[PDB]
DNA sequence: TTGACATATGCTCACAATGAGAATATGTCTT
DNA sequence: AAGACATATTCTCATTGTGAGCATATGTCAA
């Protein structure tokens, strides 16, 4: 199977392309007529979303974890375009820390603390996985550890896809391991924007300084330092001035910027 | 569906890779119904083709062929059949300076870019970012992209171009392409957080770890700069024992910290 | 179309902290 | 005390970090 993880940003909200009423990502089998793995997925996206597709890059290859029963191999791909879209945080509400720490995390830590305290031998162990990914025994919030966080909830039976005898589920579930595929694309994108935010596909042909920060903060799910975001784009030599002006939120002018041609030469 | 493995070891200051079929292919095996996970399935093919104990595997890249799917995995072990990394990629080892085989490669890569005037100004940008035709700086992380440029230029045995030009030892199917992905993945991990407790022994020294990182990255590193990087990343600790270095002199023995072995 | 407070933008300090390049005293043989 | 060559250990002039001002510059409900 070829599962597509296409992402767009609208009204400061990272959305993902979905099908089957947001219960599954656009996926399609790998046929004999398909030449490359990318061209074959472009066919299934065209006849299920009819949406223009930007450049794609591979994400990860997972094997099915079917407790019911031929095996299934899924190869995911990440795509960035401009905008059936469902937000990133409808399936992962605990990943948006723009407005501080969310409230659903407390219900997760309590369900994670009891799962660690269930076995005394695994107690000293499982408290370490709950401190590196989440924050049970302290630590900090690393937004890069998105995939490792979902695998812990799947292992603790705290999601609908785990099929525990107590139906404990946080976030909207998806068919099979489609929420597992979405978690890999978010962590991969978050790992790219922390050091070299090349996001000309999610933005327009020209944007401003505050608009790009609001987009990066929506992807990483963390409110960034205002002045520190200026010197990172300057040191990376990412954008340049277009020569025009616009109007910002609050009725104030700001210079318009576009991604440098050299950055579009990297892509 | 194929499961190809890229197992790497370091012996006598030379990063080797596990090979089968007389050093012409990596240990591979088709995915079947009995294998539960992709990792447990590859551990079975390695256990019978090489019988070698395997470390912890991480996924590399999934490639397509002309109908066969291949999935690569990277592994670091201590060498307990082997061929060096640079037998297939002689142009990647720059420990002794720029290899003279690069001069024969850039000349062939230049006539390929200059063959089409319209593609001239464009193709000269691939050989400058990856290689060094138009100058630039040597980036050891671009190992895979460098091999993709030789395959597209027809300068390898796997390209099957009418002028039979080949640099390095070829492999079956795209196995050298899988090895190029493992080297680029490994070299990207050691540049900032060299977690190589599997390649090293139970206890090593400062120069011994520097030689291993320089052997993997293929570049001689600064001595004092290598000291502050391992100290900042908090990777190793002292074992309380002294040793006899290359040169007959006392130097403290070091081991990877337990907290490092608790990650990944 | 026009007023005091009203909401982001460049442009600018500030130390804390890091960083490519060299330089100082400790020690391990074979002579 | 003649030297040999690698260890753990200062000093320096740079570049990225986090946290705080400083001069623009308004459209927004009233008149």
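Methodologically, a virtual Cβ is constructed for each residue, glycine included, from the backbone with ideal geometry; neighbour enumeration extends over all protein chains shown. Read-outs throughout are calculated quantities, based only on the coordinates presented, and are distinct from any laboratory measurement.
Each label point was placed 7 Å from the Cα along the Cα-to-Cβ direction; for residue A:237 and residue B:241 their separation is 5.0 nm. Need one word for chain A: rounded, prolate or oblate. Basis is the Cα gyration tensor (sqrt eigenvalues a ≥ b ≥ c); a/c below 1.5 gives rounded, then a/b vs b/c decides. Cα axes put chain A in the oblate bin.
Would you work out if region A:209-266 is rounded, prolate or oblate? Take a ≥ b ≥ c from the square roots of the eigenvalues of the alpha-carbon gyration tensor; rounded if a/c is under 1.5, else prolate when a/b is larger than b/c, oblate otherwise. In terms of gyration-tensor shape, oblate. Averaged over the residues of peptide A:63-69, the number of Cβ atoms from other protein chains lying within 10 Å of each residue's Cβ is 2.
Neighbour counts of C-beta atoms inside 10 Å place B:199, B:144 in the sequence B:144, B:199, starting with the fewest. DSSP finds beta bridges in chain B, and of those with both partners inside it, around 75 percent are antiparallel.
Please work out the Cα center distance from region A:219-266 to region B:106-144, rounded to the nearest Å. Distance between centres, Cα-based: 31 Å. Taking other C-beta atoms within 10 angstrom as a stand-in for reagent exposure, A:181, A:75, A:9 fall in the order A:75, A:9, A:181, fewest first. For A:71, B:177, the sequence from fewest to most other C-beta atoms within 10 Å is A:71, B:177. Shielding of peptide B:32-38 by partners, expressed as the average count of other chain Cβ atoms within 10 Å per residue Cβ, is 3.
For region A:36-98, the spread of Cα coordinates along the three principal axes comes to 39, 33, 20 Å, biggest extent given first.
Rounded, prolate or oblate: which fits region B:123-264, taking a ≥ b ≥ c as square roots of the Cα gyration tensor eigenvalues, rounded meaning a/c under 1.5, else prolate when a/b beats b/c? Prolate. A viscosity of 1.002 mPa s and a temperature of 20 °C, combined with the Kirkwood radius over Cα pairs in Stokes-Einstein, give a translational diffusion coefficient for the protein assembly as shown of 83 µm²/s. Shape annotation for region A:1-130: C-alpha extents along the principal axes are 54, 42, 25 Å, from largest to smallest. For the protein assembly as shown, the share of DSSP beta bridges that are antiparallel, to the nearest 5, is 75%.
Placing a pseudo-label 7 Å from each Cα along the Cα-to-Cβ vector at residue B:67 and residue A:69 gives an inter-label distance of 2.3 nm. Were the residues from residue B:118 through residue B:249 laid out at 0.36 nm apart, the gain over their Cα-Cα distance would be 41.1 nm. Distance from the alpha carbon centroid of region B:18-48 to that of region A:27-49 works out to 28 angstrom. Shown is the FRET efficiency for residue A:167 and residue B:128, computed with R0 = 41 Å from the Cβ-Cβ distance and rounded to the nearest 0.05: 0.10.
Computing FRET efficiency as 1/(1 + (r/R0)^6) for residue A:265 and residue A:13, where r is the C-beta to C-beta distance and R0 is 22 Å, gives about 0.15.
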